[PDB]
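Shown next: run-v5.txt, given as compact mmCIF, C-alpha atoms and all ligand atoms.
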# COMPACT_ATOMS: atom_id res chain seq x y z
CA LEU A 1 -12.57 1.37 4.74
CA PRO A 2 -9.32 0.63 6.64
CA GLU A 3 -7.86 -1.71 4.03
CA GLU A 4 -7.87 1.01 1.38
CA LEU A 5 -6.45 3.54 3.86
CA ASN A 6 -3.51 1.27 4.76
CA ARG A 7 -2.18 1.53 1.18
CA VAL A 8 -0.42 4.87 1.75
CA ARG A 9 0.60 4.00 5.31
CA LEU A 10 4.32 4.82 5.55
CA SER A 11 5.81 2.03 7.66
CA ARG A 12 9.03 2.37 9.64
CA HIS A 13 11.02 0.27 7.15
CA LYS A 14 10.23 2.41 4.09
CA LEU A 15 11.17 5.74 5.68
CA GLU A 16 14.76 4.50 6.10
CA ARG A 17 15.31 4.74 2.32
CA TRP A 18 14.39 8.45 1.98
CA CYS A 19 16.28 9.95 4.93
CA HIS A 20 18.14 12.30 2.57
CA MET A 21 16.28 12.10 -0.76
CA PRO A 22 15.02 15.46 -2.12
CA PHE A 23 11.32 16.18 -2.64
CA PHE A 24 10.65 14.82 0.85
CA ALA A 25 8.14 17.63 1.48
CA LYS A 26 6.33 16.66 -1.74
CA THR A 27 6.10 12.85 -1.81
CA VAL A 28 5.63 12.41 1.95
CA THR A 29 3.11 15.24 2.49
CA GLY A 30 -0.25 13.54 2.01
CA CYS A 31 0.25 10.08 3.49
CA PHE A 32 -0.72 8.96 6.99
CA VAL A 33 1.32 7.22 9.69
CA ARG A 34 0.43 5.27 12.82
CA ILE A 35 2.42 7.35 15.28
CA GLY A 36 2.67 5.72 18.70
CA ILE A 37 1.60 7.92 21.60
CA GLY A 38 1.66 5.51 24.56
CA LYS A 39 -0.89 2.14 26.50
CA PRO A 40 -1.28 0.28 23.17
CA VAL A 41 -3.63 2.99 21.85
CA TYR A 42 -2.63 4.62 18.56
CA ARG A 43 -3.78 7.81 16.85
CA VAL A 44 -3.56 8.45 13.11
CA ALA A 45 -2.36 11.95 12.23
CA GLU A 46 -2.06 13.95 9.02
CA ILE A 47 1.34 14.91 7.61
CA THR A 48 1.19 18.70 7.39
CA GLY A 49 4.87 19.15 6.54
CA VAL A 50 8.48 18.52 7.59
CA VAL A 51 10.52 19.92 10.49
CA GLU A 52 13.98 19.38 11.97
CA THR A 53 14.57 18.65 15.65
CA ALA A 54 17.68 19.65 17.59
CA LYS A 55 17.99 16.14 19.09
CA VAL A 56 19.98 13.50 17.19
CA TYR A 57 18.88 9.89 17.64
CA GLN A 58 19.85 6.57 16.06
CA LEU A 59 17.18 4.39 14.43
CA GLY A 60 18.68 0.93 14.08
CA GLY A 61 21.47 1.23 11.53
CA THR A 62 21.02 4.77 10.25
CA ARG A 63 20.39 7.91 12.32
CA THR A 64 18.28 11.01 11.67
CA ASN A 65 17.29 14.15 13.58
CA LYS A 66 14.45 15.32 11.33
CA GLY A 67 11.04 15.68 12.95
CA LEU A 68 7.55 15.41 11.53
CA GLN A 69 4.87 18.06 12.10
CA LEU A 70 1.73 15.94 12.45
CA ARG A 71 -1.82 16.84 13.43
CA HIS A 72 -4.83 14.78 14.56
CA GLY A 73 -7.86 16.96 13.90
CA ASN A 74 -6.86 19.87 16.12
CA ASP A 75 -4.17 18.64 18.53
CA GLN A 76 -0.77 19.19 16.92
CA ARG A 77 2.79 18.91 18.22
CA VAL A 78 6.26 17.81 17.17
CA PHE A 79 6.95 14.09 16.75
CA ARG A 80 9.80 11.80 15.71
CA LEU A 81 10.28 9.10 13.09
CA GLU A 82 11.31 6.58 15.78
CA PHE A 83 7.88 6.34 17.46
CA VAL A 84 6.11 5.32 14.24
CA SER A 85 4.77 1.76 14.37
CA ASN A 86 4.58 -0.83 11.61
CA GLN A 87 1.05 -1.98 12.50
CA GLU A 88 -1.81 -1.28 10.12
CA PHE A 89 -4.81 0.91 10.87
CA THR A 90 -7.16 -1.21 12.99
CA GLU A 91 -10.94 -0.85 12.96
CA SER A 92 -11.02 0.91 16.34
CA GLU A 93 -8.28 3.37 15.40
CA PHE A 94 -9.92 3.91 12.00
CA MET A 95 -13.20 4.84 13.68
CA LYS A 96 -11.34 7.07 16.14
CA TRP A 97 -9.60 8.89 13.29
CA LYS A 98 -12.88 9.30 11.40
CA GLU A 99 -14.54 10.74 14.50
CA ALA A 100 -11.61 13.08 15.11
CA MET A 101 -11.75 14.33 11.51
CA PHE A 102 -15.51 14.87 11.69
CA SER A 103 -15.13 16.77 14.97
CA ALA A 104 -12.25 18.89 13.65
CA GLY A 105 -14.22 19.69 10.49
CA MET A 106 -11.42 18.73 8.09
CA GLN A 107 -13.07 17.20 5.03
CA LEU A 108 -12.02 13.59 4.54
CA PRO A 109 -9.63 13.18 1.56
CA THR A 110 -11.29 11.67 -1.47
CA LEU A 111 -10.70 8.09 -2.54
CA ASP A 112 -9.34 9.29 -5.88
CA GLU A 113 -6.95 11.51 -3.91
CA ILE A 114 -5.55 8.48 -2.08
CA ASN A 115 -5.58 6.44 -5.30
CA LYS A 116 -3.44 8.99 -7.14
CA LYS A 117 -1.22 9.65 -4.11
CA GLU A 118 -0.29 6.02 -3.44
CA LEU A 119 1.48 5.88 -6.81
CA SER A 120 3.85 8.68 -5.73
CA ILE A 121 5.77 6.42 -3.35
CA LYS A 122 5.84 3.61 -5.91
CA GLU A 123 7.28 5.83 -8.63
CA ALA A 124 9.75 7.44 -6.22
CA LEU A 125 11.05 4.05 -5.05
CA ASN A 126 12.20 3.05 -8.55
CA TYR A 127 13.62 6.52 -9.24
CA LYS A 128 17.00 6.37 -10.96
CA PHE A 129 19.70 8.37 -9.15
CA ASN A 130 21.07 9.89 -12.34
CA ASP A 131 21.08 13.49 -11.06
CA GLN A 132 23.52 15.07 -8.58
CA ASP A 133 21.77 13.92 -5.40
CA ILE A 134 24.32 11.37 -4.15
CA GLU A 135 26.67 14.21 -3.21
CA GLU A 136 24.02 15.84 -1.01
CA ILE A 137 23.08 12.45 0.46
CA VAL A 138 26.67 11.71 1.46
CA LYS A 139 27.15 15.23 2.82
CA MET B 1 50.67 -18.72 6.86
CA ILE B 2 49.09 -20.86 9.57
CA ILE B 3 50.46 -23.80 11.52
CA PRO B 4 49.68 -27.00 9.56
CA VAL B 5 47.43 -29.71 10.99
CA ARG B 6 49.76 -32.69 10.54
CA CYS B 7 53.47 -33.20 10.01
CA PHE B 8 54.03 -33.70 6.30
CA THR B 9 56.48 -36.56 6.73
CA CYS B 10 55.24 -38.37 9.84
CA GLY B 11 51.56 -37.50 10.09
CA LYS B 12 51.40 -36.78 13.82
CA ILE B 13 49.03 -33.99 14.76
CA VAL B 14 51.01 -30.78 15.26
CA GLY B 15 48.42 -28.06 14.68
CA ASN B 16 47.15 -28.20 18.25
CA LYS B 17 50.60 -27.39 19.63
CA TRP B 18 51.62 -23.98 18.25
CA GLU B 19 50.06 -22.11 21.17
CA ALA B 20 51.58 -24.46 23.73
CA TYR B 21 54.98 -24.09 22.07
CA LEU B 22 54.79 -20.31 22.15
CA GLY B 23 53.74 -20.39 25.79
CA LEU B 24 56.58 -22.69 26.80
CA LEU B 25 59.09 -20.59 24.88
CA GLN B 26 57.73 -17.50 26.62
CA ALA B 27 57.73 -18.75 30.19
CA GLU B 28 61.32 -19.96 30.51
CA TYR B 29 61.99 -22.94 28.24
CA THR B 30 64.25 -22.93 25.21
CA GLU B 31 63.40 -24.48 21.86
CA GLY B 32 65.44 -27.65 22.22
CA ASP B 33 63.76 -28.40 25.53
CA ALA B 34 60.26 -27.24 24.67
CA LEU B 35 59.99 -29.52 21.65
CA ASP B 36 60.65 -32.66 23.69
CA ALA B 37 58.53 -31.24 26.50
CA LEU B 38 55.61 -31.18 24.07
CA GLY B 39 56.56 -34.66 22.88
CA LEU B 40 58.13 -34.34 19.43
CA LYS B 41 60.65 -37.18 19.26
CA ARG B 42 61.24 -37.55 15.52
CA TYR B 43 63.20 -34.70 13.99
CA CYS B 44 60.79 -34.68 11.04
CA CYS B 45 57.99 -33.27 13.18
CA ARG B 46 60.17 -30.63 14.88
CA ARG B 47 60.69 -28.64 11.69
CA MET B 48 56.98 -27.85 11.86
CA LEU B 49 57.55 -25.80 15.00
CA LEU B 50 61.01 -24.49 14.14
CA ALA B 51 60.67 -23.48 10.50
CA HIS B 52 57.02 -22.43 10.55
CA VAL B 53 56.41 -18.74 9.87
CA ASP B 54 53.31 -17.07 11.31
CA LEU B 55 51.97 -14.68 8.67
CA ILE B 56 48.32 -14.90 9.68
CA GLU B 57 49.06 -12.04 12.07
CA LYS B 58 50.13 -9.72 9.26
CA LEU B 59 47.05 -10.89 7.38
CA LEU B 60 44.73 -10.11 10.29
CA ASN B 61 46.23 -6.64 10.60
CA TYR B 62 44.17 -5.77 7.50
CA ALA B 63 40.83 -5.89 9.27
CA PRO B 64 37.98 -5.52 6.74
CA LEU B 65 35.63 -3.52 8.98
CA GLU B 66 36.40 -1.64 12.19
CA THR C 1 12.72 -6.04 -0.02
CA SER C 2 10.01 -3.43 0.58
CA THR C 3 9.35 -3.94 4.32
CA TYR C 4 10.92 -7.01 5.96
CA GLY C 5 9.07 -6.56 9.23
CA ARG C 6 8.12 -10.13 10.14
CA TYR C 7 5.51 -7.52 15.15
CA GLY C 8 8.61 -5.50 14.34
CA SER C 9 11.51 -4.34 16.51
CA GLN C 10 9.78 -2.97 19.61
CA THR C 11 8.46 0.46 18.61
CA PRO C 12 8.99 3.12 21.31
CA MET C 13 6.20 5.44 22.46
CA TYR C 14 6.00 9.20 22.88
CA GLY C 15 4.85 9.44 26.50
CA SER C 16 7.26 6.69 27.54
CA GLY C 17 10.22 9.05 27.07
CA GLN D 1 13.59 -8.36 -7.37
CA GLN D 2 17.38 -8.20 -6.99
CA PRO D 3 18.84 -4.66 -7.05
CA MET D 4 22.39 -6.08 -7.21
CA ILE D 5 23.70 -5.26 -3.74
CA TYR D 6 27.36 -4.20 -3.47
CA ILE D 7 29.83 -3.65 -0.62
CA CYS D 8 31.60 -0.33 -0.15
CA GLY D 9 35.37 -0.22 -0.43
CA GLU D 10 36.36 1.21 2.94
CA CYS D 11 32.97 1.69 4.62
CA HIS D 12 32.24 -2.03 4.20
CA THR D 13 28.60 -0.89 4.10
CA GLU D 14 26.03 -2.43 1.79
CA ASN D 15 24.72 -0.35 -1.09
CA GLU D 16 22.00 -0.86 -3.70
CA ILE D 17 23.38 -0.04 -7.15
CA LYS D 18 21.24 -0.48 -10.26
CA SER D 19 22.17 -0.20 -13.91
CA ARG D 20 22.91 3.23 -15.38
CA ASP D 21 23.96 4.54 -11.96
CA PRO D 22 27.19 6.02 -10.62
CA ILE D 23 29.40 3.66 -8.64
CA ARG D 24 29.68 5.33 -5.24
CA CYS D 25 28.97 4.55 -1.61
CA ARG D 26 25.76 5.77 -0.01
CA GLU D 27 27.86 7.67 2.55
CA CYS D 28 31.28 9.32 2.49
CA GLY D 29 31.52 8.62 -1.24
CA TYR D 30 34.23 6.41 -2.68
CA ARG D 31 34.87 4.86 -6.07
CA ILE D 32 35.71 1.28 -5.03
CA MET D 33 33.23 -1.44 -4.11
CA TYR D 34 33.26 -5.23 -4.29
CA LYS D 35 30.53 -7.81 -4.78
CA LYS D 36 28.95 -10.23 -2.33
CA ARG D 37 29.40 -13.99 -2.28
CA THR D 38 27.11 -15.88 -4.61
CA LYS D 39 24.16 -17.82 -3.21
CA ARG D 40 24.95 -21.01 -5.12
CA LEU D 41 25.81 -24.38 -3.56
CA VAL D 42 29.52 -23.85 -2.99
CA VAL D 43 30.41 -27.43 -2.01
CA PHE D 44 34.05 -28.46 -1.69
CA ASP D 45 35.59 -31.86 -1.01
CA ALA D 46 38.14 -31.73 1.79
CA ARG D 47 40.75 -33.50 -0.33
ZN ZN E 1 57.65 -34.71 11.65
ZN ZN E 2 30.02 6.55 -1.69

Please render this file's structure as structure tokens.
Amino acid sequence: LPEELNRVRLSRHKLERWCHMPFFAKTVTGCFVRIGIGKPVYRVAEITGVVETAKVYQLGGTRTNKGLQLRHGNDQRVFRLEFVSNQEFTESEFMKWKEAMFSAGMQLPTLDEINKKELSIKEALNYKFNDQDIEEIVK
Amino acid sequence: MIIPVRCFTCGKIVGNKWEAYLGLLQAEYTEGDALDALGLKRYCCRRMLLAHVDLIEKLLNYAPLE
Amino acid sequence: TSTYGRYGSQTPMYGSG
Amino acid sequence: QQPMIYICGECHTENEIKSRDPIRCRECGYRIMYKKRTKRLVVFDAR
């Protein structure tokens, strides 16, 4: 179903609050994003990890140069956090992603996997900044 | 800190004249002539433009942001 | 205050660049 | 759901500070920050 898959969808507004928070390769790795390719067609890709691009760009108020190593079945390349869209996974794009996964052979993640992964973002959002992370964030 | 809106004693509007007074003083006029050029007959209303101190500039120097 | 999208702010594309 | 937004001292940038947290700006890092105007009905009489 698309409604259940949209739960872990990392919109463009949420990613602005973890631009420098540690454990970014742990809480982010596992969720899906609606990266815009470009005309209105979108392709869902899996978050394999985290990379850093040599180009610095401004995203509204803040500004980040980190990239995002995504992959859609087999086709993989470097992307940016600025092309991500805030729209939810439509039926057509959901079917396209399912077909791409079936063709690539990657087993679809289990519903319990998504159920236990969606809580990661929720628990990270209310995380108290009691440790020595503000120094690194400001740096 | 800022030019008042009305003369305390008389009540004539004087707030809308500070800029004109500064301009007239700048171009060539002197104070004694500029006041009556603006139209301040009573001496009570002239103290508004002679005694008034403009501290809003020093206040604005402390810009909050940028 | 999670995501005040209200759509969005014109999301750029990859091939557009 | 009010995280008690504050205003940095010199950055004049908003910050979200919750209880049991250090008082510092999200960037640079300073120790001074002021509050934002209330949302109440501040109604004066021009008297
Ligand atoms: Zn007078
Ligand atoms: Zn700070």

Give the residue list for ligand ZN 1 (chain E) at 9 Å, counting only C-alpha atoms and all ligand atoms, as JSON, numbers by chain, sorted by chain and then by residue number.
{"B": [6, 7, 8, 9, 10, 11, 12, 14, 40, 41, 42, 43, 44, 45, 46, 47, 48]}

Can you pull out every residue with an atom within 8 Å of ligand ZN 2 (chain E)? Use all atoms listed in the file and format it as a ChimeraX atom specification.
/A:134,138 /D:8,23-31

Please determine the contact residues of chain C with respect to chain A at a cut-off of 6 Å, counting all atoms listed in the file, and supply them as a ChimeraX atom specification.
/C:3,11-15

If the cut-off is 9 Å, can you tell me the residues of chain B near chain D, counting all atoms listed in the file? I'd like them as a PyMOL selection string.
chain B and resi 64-66

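Among D:38, D:7, D:33, D:16, the residue with the shortest atom-to-atom distance to chain C, counting all atoms listed in the file, is D:16.
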
Would you list the contacts of segment 5-8 of chain A as a PyMOL selection string, taking every protein, DNA or RNA residue within 9 Å and counting all atoms listed in the file, but skipping same-chain residues closer than 5 positions in sequence?
chain A and resi 30-33+88-89+94+111+114-115+117-119+121

Could you write segment 12-47 of chain D as a compact mmCIF listing (two decimals), keeping the file's coordinate frame, with N, CA and C atoms rebuilt where they are missing?
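Produced file result.txt, reproduced below:
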# COMPACT_ATOMS: atom_id res chain seq x y z
N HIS D 12 32.74 -0.67 4.03
CA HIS D 12 32.24 -2.03 4.20
C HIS D 12 30.75 -2.00 4.54
N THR D 13 30.04 -1.06 3.93
CA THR D 13 28.60 -0.89 4.10
C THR D 13 27.91 -1.34 2.82
N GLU D 14 26.78 -2.02 2.96
CA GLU D 14 26.03 -2.43 1.79
C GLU D 14 25.47 -1.22 1.06
N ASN D 15 25.33 -1.37 -0.25
CA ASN D 15 24.72 -0.35 -1.09
C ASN D 15 23.87 -1.05 -2.14
N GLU D 16 22.85 -0.36 -2.62
CA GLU D 16 22.00 -0.86 -3.70
C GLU D 16 22.31 -0.05 -4.95
N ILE D 17 22.98 -0.69 -5.91
CA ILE D 17 23.38 -0.04 -7.15
C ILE D 17 22.67 -0.74 -8.29
N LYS D 18 21.93 0.03 -9.09
CA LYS D 18 21.24 -0.48 -10.26
C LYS D 18 21.97 -0.01 -11.52
N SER D 19 21.55 -0.55 -12.65
CA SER D 19 22.17 -0.20 -13.91
C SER D 19 22.04 1.30 -14.15
N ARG D 20 22.93 1.82 -15.00
CA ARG D 20 22.91 3.23 -15.38
C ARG D 20 22.96 4.14 -14.15
N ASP D 21 23.79 3.77 -13.18
CA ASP D 21 23.96 4.54 -11.96
C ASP D 21 25.44 4.75 -11.68
N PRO D 22 25.80 5.84 -11.01
CA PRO D 22 27.19 6.02 -10.62
C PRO D 22 27.59 5.02 -9.55
N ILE D 23 28.87 4.64 -9.58
CA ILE D 23 29.40 3.66 -8.64
C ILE D 23 30.00 4.44 -7.47
N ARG D 24 29.21 4.61 -6.41
CA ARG D 24 29.68 5.33 -5.24
C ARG D 24 28.96 4.79 -4.02
N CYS D 25 29.57 4.99 -2.86
CA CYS D 25 28.97 4.55 -1.61
C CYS D 25 27.84 5.50 -1.20
N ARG D 26 26.87 4.95 -0.47
CA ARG D 26 25.76 5.77 -0.01
C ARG D 26 26.23 6.90 0.89
N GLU D 27 27.27 6.66 1.68
CA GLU D 27 27.86 7.67 2.55
C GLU D 27 29.30 7.93 2.11
N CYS D 28 29.95 8.84 2.84
CA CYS D 28 31.28 9.32 2.49
C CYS D 28 31.37 9.58 0.99
N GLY D 29 31.41 8.52 0.20
CA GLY D 29 31.52 8.62 -1.24
C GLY D 29 32.89 8.20 -1.71
N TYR D 30 33.01 6.95 -2.13
CA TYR D 30 34.23 6.41 -2.68
C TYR D 30 33.94 5.81 -4.05
N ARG D 31 34.99 5.37 -4.72
CA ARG D 31 34.87 4.86 -6.07
C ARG D 31 35.20 3.38 -6.17
N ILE D 32 35.37 2.70 -5.05
CA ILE D 32 35.71 1.28 -5.03
C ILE D 32 34.63 0.55 -4.26
N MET D 33 34.18 -0.58 -4.81
CA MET D 33 33.23 -1.44 -4.11
C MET D 33 33.28 -2.82 -4.73
N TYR D 34 33.19 -3.84 -3.88
CA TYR D 34 33.26 -5.23 -4.29
C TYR D 34 31.88 -5.87 -4.21
N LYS D 35 31.78 -7.08 -4.75
CA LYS D 35 30.53 -7.81 -4.78
C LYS D 35 30.42 -8.74 -3.58
N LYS D 36 29.24 -9.31 -3.41
CA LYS D 36 28.95 -10.23 -2.33
C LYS D 36 29.06 -11.66 -2.83
N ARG D 37 29.30 -12.59 -1.91
CA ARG D 37 29.40 -13.99 -2.28
C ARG D 37 28.12 -14.45 -2.96
N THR D 38 28.27 -15.31 -3.96
CA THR D 38 27.11 -15.88 -4.61
C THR D 38 26.27 -16.66 -3.60
N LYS D 39 25.06 -17.02 -4.02
CA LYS D 39 24.16 -17.82 -3.21
C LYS D 39 24.12 -19.27 -3.65
N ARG D 40 24.98 -19.67 -4.58
CA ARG D 40 24.95 -21.01 -5.12
C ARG D 40 25.46 -22.01 -4.08
N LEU D 41 25.38 -23.29 -4.44
CA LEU D 41 25.81 -24.38 -3.56
C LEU D 41 27.31 -24.57 -3.71
N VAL D 42 28.06 -23.73 -3.00
CA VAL D 42 29.52 -23.85 -2.99
C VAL D 42 29.86 -25.04 -2.11
N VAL D 43 30.11 -26.19 -2.73
CA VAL D 43 30.41 -27.43 -2.01
C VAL D 43 31.79 -27.90 -2.43
N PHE D 44 32.71 -27.96 -1.47
CA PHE D 44 34.05 -28.46 -1.69
C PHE D 44 34.19 -29.86 -1.11
N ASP D 45 35.21 -30.58 -1.58
CA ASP D 45 35.59 -31.86 -1.01
C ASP D 45 36.93 -31.67 -0.30
N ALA D 46 36.95 -31.97 0.99
CA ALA D 46 38.14 -31.73 1.79
C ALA D 46 39.23 -32.72 1.40
N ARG D 47 39.74 -32.58 0.19
CA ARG D 47 40.75 -33.50 -0.33
C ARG D 47 42.09 -32.80 -0.46
